[PDB]
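This is final.cif. It holds mmCIF, C-alpha atoms and all ligand atoms.
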data_my_file
loop_
_atom_site.label_atom_id
_atom_site.label_comp_id
_atom_site.auth_asym_id
_atom_site.auth_seq_id
_atom_site.Cartn_x
_atom_site.Cartn_y
_atom_site.Cartn_z
CA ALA A 2 22.19 5.14 -10.87
CA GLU A 3 20.51 6.25 -7.64
CA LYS A 4 18.91 3.40 -5.68
CA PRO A 5 15.61 4.50 -4.06
CA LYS A 6 15.79 5.01 -0.28
CA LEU A 7 12.64 4.68 1.87
CA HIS A 8 12.35 6.63 5.13
CA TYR A 9 9.74 5.30 7.58
CA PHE A 10 9.60 3.36 10.79
CA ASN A 11 9.85 -0.45 10.87
CA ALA A 12 6.20 -1.18 10.13
CA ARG A 13 3.73 -1.42 7.24
CA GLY A 14 1.87 1.83 7.86
CA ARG A 15 1.66 4.21 4.92
CA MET A 16 4.94 2.99 3.35
CA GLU A 17 3.90 -0.61 2.65
CA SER A 18 2.15 0.04 -0.67
CA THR A 19 5.37 1.65 -1.94
CA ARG A 20 7.39 -1.39 -0.84
CA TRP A 21 4.93 -3.58 -2.79
CA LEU A 22 5.04 -1.47 -5.95
CA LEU A 23 8.85 -1.21 -6.07
CA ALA A 24 9.28 -4.91 -5.30
CA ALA A 25 6.73 -5.92 -7.93
CA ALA A 26 8.64 -3.81 -10.45
CA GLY A 27 11.83 -5.69 -9.57
CA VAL A 28 13.48 -2.54 -8.21
CA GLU A 29 16.05 -2.93 -5.44
CA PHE A 30 15.72 -0.30 -2.75
CA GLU A 31 17.14 0.59 0.65
CA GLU A 32 15.32 1.42 3.87
CA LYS A 33 16.39 3.80 6.64
CA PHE A 34 14.30 3.17 9.73
CA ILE A 35 13.18 5.95 12.02
CA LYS A 36 13.67 4.50 15.50
CA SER A 37 12.80 7.43 17.78
CA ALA A 38 11.05 10.76 17.91
CA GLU A 39 14.54 12.26 17.68
CA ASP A 40 15.24 10.57 14.33
CA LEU A 41 12.00 11.99 12.92
CA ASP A 42 12.71 15.45 14.36
CA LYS A 43 16.13 15.39 12.65
CA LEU A 44 14.61 14.71 9.23
CA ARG A 45 12.12 17.53 9.90
CA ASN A 46 14.60 20.09 11.16
CA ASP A 47 17.11 19.37 8.36
CA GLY A 48 14.45 20.22 5.77
CA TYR A 49 13.88 16.85 4.10
CA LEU A 50 10.12 16.51 4.83
CA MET A 51 7.99 19.08 3.00
CA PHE A 52 5.06 18.68 5.39
CA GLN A 53 7.05 17.34 8.37
CA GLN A 54 5.67 13.83 7.70
CA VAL A 55 6.87 10.49 6.38
CA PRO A 56 6.77 8.39 4.16
CA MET A 57 9.64 10.05 2.34
CA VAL A 58 11.44 8.44 -0.60
CA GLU A 59 14.73 9.58 -2.11
CA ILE A 60 14.49 8.85 -5.84
CA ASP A 61 16.01 10.41 -8.97
CA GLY A 62 17.44 13.35 -7.03
CA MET A 63 14.14 14.26 -5.33
CA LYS A 64 13.17 14.00 -1.65
CA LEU A 65 9.54 13.04 -2.26
CA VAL A 66 6.84 13.01 0.42
CA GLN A 67 3.10 12.21 0.12
CA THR A 68 2.35 8.57 -0.62
CA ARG A 69 0.29 9.29 -3.76
CA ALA A 70 3.06 11.46 -5.22
CA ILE A 71 5.61 8.74 -4.49
CA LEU A 72 3.42 6.01 -5.99
CA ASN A 73 2.41 8.00 -9.08
CA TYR A 74 6.08 8.67 -9.87
CA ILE A 75 7.22 5.08 -9.30
CA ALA A 76 4.31 3.73 -11.35
CA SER A 77 5.13 5.97 -14.33
CA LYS A 78 8.90 5.40 -14.05
CA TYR A 79 8.52 1.61 -14.20
CA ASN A 80 5.72 1.35 -16.80
CA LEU A 81 3.01 0.34 -14.32
CA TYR A 82 0.68 3.29 -15.05
CA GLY A 83 -0.91 2.22 -18.34
CA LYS A 84 -0.13 3.39 -21.84
CA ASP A 85 -2.22 6.56 -22.28
CA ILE A 86 -4.46 9.12 -20.59
CA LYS A 87 -7.53 6.89 -20.84
CA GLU A 88 -5.90 3.87 -19.26
CA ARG A 89 -4.63 6.15 -16.50
CA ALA A 90 -8.22 7.26 -15.87
CA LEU A 91 -9.33 3.64 -15.35
CA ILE A 92 -6.27 2.92 -13.20
CA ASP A 93 -6.86 6.06 -11.12
CA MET A 94 -10.52 5.25 -10.54
CA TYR A 95 -9.67 1.70 -9.46
CA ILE A 96 -6.78 2.57 -7.16
CA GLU A 97 -8.63 5.41 -5.45
CA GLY A 98 -11.37 2.96 -4.47
CA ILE A 99 -8.64 0.62 -3.22
CA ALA A 100 -7.12 3.54 -1.29
CA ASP A 101 -10.48 4.40 0.29
CA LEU A 102 -10.91 0.86 1.62
CA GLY A 103 -7.22 0.55 2.44
CA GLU A 104 -7.40 3.72 4.55
CA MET A 105 -10.29 2.29 6.59
CA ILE A 106 -8.25 -0.82 7.40
CA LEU A 107 -5.03 1.14 7.98
CA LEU A 108 -6.65 3.09 10.81
CA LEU A 109 -8.20 0.14 12.66
CA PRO A 110 -5.35 -0.18 15.22
CA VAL A 111 -5.89 3.45 16.30
CA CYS A 112 -9.67 3.04 16.59
CA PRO A 113 -11.09 3.67 20.08
CA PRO A 114 -11.96 0.29 21.62
CA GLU A 115 -15.63 1.22 22.07
CA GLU A 116 -15.87 1.94 18.32
CA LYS A 117 -13.75 -0.90 16.93
CA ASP A 118 -16.42 -3.59 16.59
CA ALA A 119 -18.78 -1.24 14.74
CA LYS A 120 -15.97 0.13 12.56
CA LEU A 121 -15.01 -3.40 11.51
CA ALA A 122 -18.64 -4.32 10.80
CA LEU A 123 -18.95 -1.29 8.51
CA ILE A 124 -15.72 -2.15 6.67
CA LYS A 125 -16.90 -5.71 6.05
CA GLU A 126 -20.23 -4.44 4.70
CA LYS A 127 -18.39 -2.18 2.26
CA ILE A 128 -16.04 -5.00 1.23
CA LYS A 129 -18.91 -7.40 0.51
CA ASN A 130 -21.45 -5.00 -1.04
CA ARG A 131 -19.38 -2.20 -2.63
CA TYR A 132 -15.68 -2.82 -3.30
CA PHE A 133 -15.33 -6.54 -3.98
CA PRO A 134 -18.36 -6.47 -6.32
CA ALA A 135 -16.90 -3.50 -8.20
CA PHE A 136 -13.58 -5.20 -8.88
CA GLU A 137 -15.13 -8.59 -9.60
CA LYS A 138 -17.22 -6.78 -12.22
CA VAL A 139 -14.14 -5.27 -13.87
CA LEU A 140 -12.39 -8.64 -14.09
CA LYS A 141 -15.55 -10.31 -15.40
CA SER A 142 -16.16 -7.67 -18.09
CA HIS A 143 -12.94 -8.40 -19.99
CA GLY A 144 -11.90 -11.77 -18.50
CA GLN A 145 -8.20 -10.91 -18.67
CA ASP A 146 -5.45 -11.66 -16.16
CA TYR A 147 -4.91 -7.94 -15.44
CA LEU A 148 -7.24 -5.09 -14.52
CA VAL A 149 -6.33 -2.68 -17.35
CA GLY A 150 -4.98 -3.01 -20.87
CA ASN A 151 -4.20 -6.74 -20.57
CA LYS A 152 -0.92 -6.08 -18.81
CA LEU A 153 0.39 -5.68 -15.28
CA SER A 154 -0.33 -2.27 -13.76
CA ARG A 155 -0.12 -0.71 -10.34
CA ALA A 156 -3.84 -1.45 -10.00
CA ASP A 157 -3.17 -5.20 -9.94
CA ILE A 158 -0.44 -4.74 -7.33
CA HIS A 159 -2.43 -2.43 -5.05
CA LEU A 160 -5.55 -4.60 -5.22
CA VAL A 161 -3.69 -7.83 -4.48
CA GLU A 162 -1.91 -6.18 -1.55
CA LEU A 163 -5.33 -5.19 -0.19
CA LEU A 164 -6.70 -8.70 -0.74
CA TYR A 165 -3.99 -10.03 1.58
CA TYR A 166 -5.09 -7.56 4.27
CA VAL A 167 -8.74 -8.45 3.83
CA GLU A 168 -7.71 -12.10 4.25
CA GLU A 169 -6.05 -11.21 7.56
CA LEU A 170 -9.30 -9.61 8.75
CA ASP A 171 -11.64 -12.37 7.56
CA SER A 172 -10.65 -15.05 5.05
CA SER A 173 -14.31 -15.67 4.18
CA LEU A 174 -14.91 -12.22 2.69
CA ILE A 175 -13.40 -13.11 -0.71
CA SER A 176 -15.23 -16.44 -0.90
CA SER A 177 -18.01 -15.30 -3.25
CA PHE A 178 -15.50 -13.54 -5.55
CA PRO A 179 -13.66 -16.21 -7.57
CA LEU A 180 -12.10 -13.77 -10.06
CA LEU A 181 -10.50 -11.83 -7.19
CA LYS A 182 -9.21 -15.11 -5.75
CA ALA A 183 -7.74 -15.95 -9.16
CA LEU A 184 -6.08 -12.55 -9.48
CA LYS A 185 -4.53 -12.95 -6.03
CA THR A 186 -3.07 -16.32 -7.02
CA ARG A 187 -1.70 -15.22 -10.41
CA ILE A 188 -0.15 -11.95 -9.23
CA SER A 189 1.44 -13.71 -6.24
CA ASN A 190 3.16 -16.12 -8.66
CA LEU A 191 4.82 -13.39 -10.70
CA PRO A 192 8.56 -13.89 -10.04
CA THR A 193 9.05 -10.43 -8.49
CA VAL A 194 5.96 -10.64 -6.27
CA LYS A 195 6.78 -14.22 -5.27
CA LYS A 196 10.20 -13.09 -4.09
CA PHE A 197 8.61 -10.24 -2.13
CA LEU A 198 6.21 -12.67 -0.42
CA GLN A 199 9.07 -14.98 0.54
CA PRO A 200 10.99 -14.41 3.79
CA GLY A 201 13.80 -11.90 3.97
CA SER A 202 12.23 -9.24 1.74
CA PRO A 203 11.28 -5.71 2.84
CA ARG A 204 7.64 -6.84 3.24
CA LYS A 205 6.39 -6.01 6.73
CA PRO A 206 4.14 -7.93 9.15
CA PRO A 207 0.83 -6.81 10.64
CA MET A 208 1.30 -4.24 13.36
CA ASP A 209 1.36 -5.72 16.86
CA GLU A 210 1.07 -4.10 20.27
CA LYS A 211 4.81 -3.44 20.58
CA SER A 212 4.91 -1.87 17.12
CA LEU A 213 1.95 0.36 17.99
CA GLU A 214 3.78 1.38 21.16
CA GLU A 215 6.81 2.35 19.08
CA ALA A 216 4.63 4.40 16.74
CA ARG A 217 3.11 6.34 19.64
CA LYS A 218 6.61 7.15 20.90
CA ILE A 219 8.03 8.15 17.51
CA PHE A 220 5.04 10.21 16.35
CA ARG A 221 4.00 11.43 19.83
CA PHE A 222 0.34 10.44 19.86
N1 LIG B 301 -1.18 12.31 3.17
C1 LIG B 301 0.12 11.93 3.74
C2 LIG B 301 -0.06 11.54 5.21
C3 LIG B 301 1.29 11.24 5.85
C4 LIG B 301 1.20 10.92 7.32
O1 LIG B 301 0.13 10.99 7.91
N2 LIG B 301 2.31 10.43 7.91
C5 LIG B 301 2.40 10.17 9.34
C6 LIG B 301 3.03 8.78 9.55
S1 LIG B 301 2.00 7.50 8.78
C7 LIG B 301 3.26 11.22 10.00
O2 LIG B 301 4.39 11.44 9.60
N3 LIG B 301 2.71 11.94 11.00
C8 LIG B 301 3.47 12.91 11.80
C9 LIG B 301 2.75 14.24 11.75
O3 LIG B 301 1.76 14.45 10.88
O4 LIG B 301 3.29 15.20 12.25
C10 LIG B 301 0.66 10.78 2.91
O5 LIG B 301 -0.22 10.01 2.26
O6 LIG B 301 1.85 10.53 2.88
#
Could you write out this structure as structure tokens?
Amino acid sequence: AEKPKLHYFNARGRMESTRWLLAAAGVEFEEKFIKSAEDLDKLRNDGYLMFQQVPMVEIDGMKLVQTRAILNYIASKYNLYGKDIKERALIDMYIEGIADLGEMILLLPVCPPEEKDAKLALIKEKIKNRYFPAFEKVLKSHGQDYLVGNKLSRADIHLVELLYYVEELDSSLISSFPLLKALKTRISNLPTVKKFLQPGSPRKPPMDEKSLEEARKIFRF
């Protein structure tokens, strides 16, 4: 059958959570890297990008854009979206909080230098006093290895991805949250996730100066 194909540039950006979810599901996929503004303009002009943006993923005969549309489809297709409407409500609540915090961190490299220190201080406050307490409370309420329904869901994958990024910012932020530490360890030892964390996978590194320079050239900003 059709192997999913991911269109993005060679960076984490807004495509990385899709790489994580597919890899955790054990799904082999291909990447086609946008390398220039001209490559992106070609995808646009040829009609493959509904809103003239990437990420775009070719899957099951669709040319899907919008990261949440992509992720919702992949999660349902591979049984990572709970078992019923009520479990989906819990999953959706959890992953939208993860997305809110993830978006703050995603945009740090494009923060104006005079605002960066204060932006980071606000993110750390929210991590320590709002988001990490909320997810620690979920894990403590039921004591299970997984956030919802006692089985792996996209919520476990998205949260553990975020925990790795929080660790890159400040490895002390998770220190008072032992259940989050334990989730990070367990999920990382799942065979599919372990393979994704090992070298040679589609997992991408933190954006550096040269990668930011490429992004400015490709996306003209
Ligand atoms: N809400 C969209 C945002 C997509 C988006 O902002 N993509 C950027 C790259 S990360 C882009 O293609 N920007 C070019 C532009 O908007 O013209 C999503 O979640 O996919």
Quick one: everything within 12 Å of residue 35 of chain A, counting only C-alpha atoms, minus sequence neighbours fewer than 6 positions away in the same chain. Send it as a CSV table (one decimal) with C-alpha atoms, in the frame of the given file.
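Below you can see part_28.csv, which holds the result:
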chain,number,residue,atom,x,y,z
A,7,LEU,CA,12.6,4.7,1.9
A,8,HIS,CA,12.4,6.6,5.1
A,9,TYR,CA,9.7,5.3,7.6
A,10,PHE,CA,9.6,3.4,10.8
A,11,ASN,CA,9.8,-0.4,10.9
A,12,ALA,CA,6.2,-1.2,10.1
A,41,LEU,CA,12.0,12.0,12.9
A,42,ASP,CA,12.7,15.4,14.4
A,43,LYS,CA,16.1,15.4,12.6
A,44,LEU,CA,14.6,14.7,9.2
A,45,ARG,CA,12.1,17.5,9.9
A,54,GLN,CA,5.7,13.8,7.7
A,55,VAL,CA,6.9,10.5,6.4
A,56,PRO,CA,6.8,8.4,4.2
A,57,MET,CA,9.6,10.0,2.3
A,215,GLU,CA,6.8,2.4,19.1
A,216,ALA,CA,4.6,4.4,16.7
A,218,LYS,CA,6.6,7.2,20.9
A,219,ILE,CA,8.0,8.2,17.5
A,220,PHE,CA,5.0,10.2,16.4
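Across the structure, atom CA of residue 149 of chain A and atom CA of residue 198 of chain A are spaced 23.3 Å apart.
Comparing the minimum interatomic distances between residue 179 of chain A and each of A:160, A:153, A:22, A:140, counting only C-alpha atoms, we find that A:140 sits nearest.
The interatomic distance for the pair atom CA of residue 101 of chain A and atom CA of residue 80 of chain A works out to 23.7 Å.
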Distance query 12 Å from (-10.3, -8.8, 14.3) using all atoms listed in the file, result as a PyMOL selection string: chain A and resi 106+109-110+114+117-122+124-125+166-172+207
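If you measure from each of A:145, A:193, A:130, A:73 to ligand LIG 301 (chain B) using only C-alpha atoms and all ligand atoms, the closest one turns out to be A:73.
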Restricting to all atoms listed in the file, whichever of A:204, A:157, A:134, A:213 is closest to residue 176 of chain A is A:134
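Each of A:94, A:163, A:63, A:25 was checked against residue 202 of chain A using all atoms listed in the file; the smallest atom-to-atom distance is that of A:25.
Shortest separation to residue 33 of chain A among A:5, A:144, A:192, A:62 occurs at residue A:5, atoms counted being only C-alpha atoms.
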Show which residues sit within 12 Å of residue 135 of chain A, as an MDAnalysis selection string. Count all atoms listed in the file, and ignore same-chain residues fewer than 4 positions away. chainID A and resid 94:96 98:99 127:131 139:142 148 160 178 180:181
Separating atom CA of residue 78 of chain A from atom CA of residue 200 of chain A, to the nearest tenth of an Å, is a gap of 26.7 Å
Could you tell me which of A:32, A:137, A:17, A:116 comes closest to ligand LIG 301 (chain B) if we count all atoms listed in the file? A:17
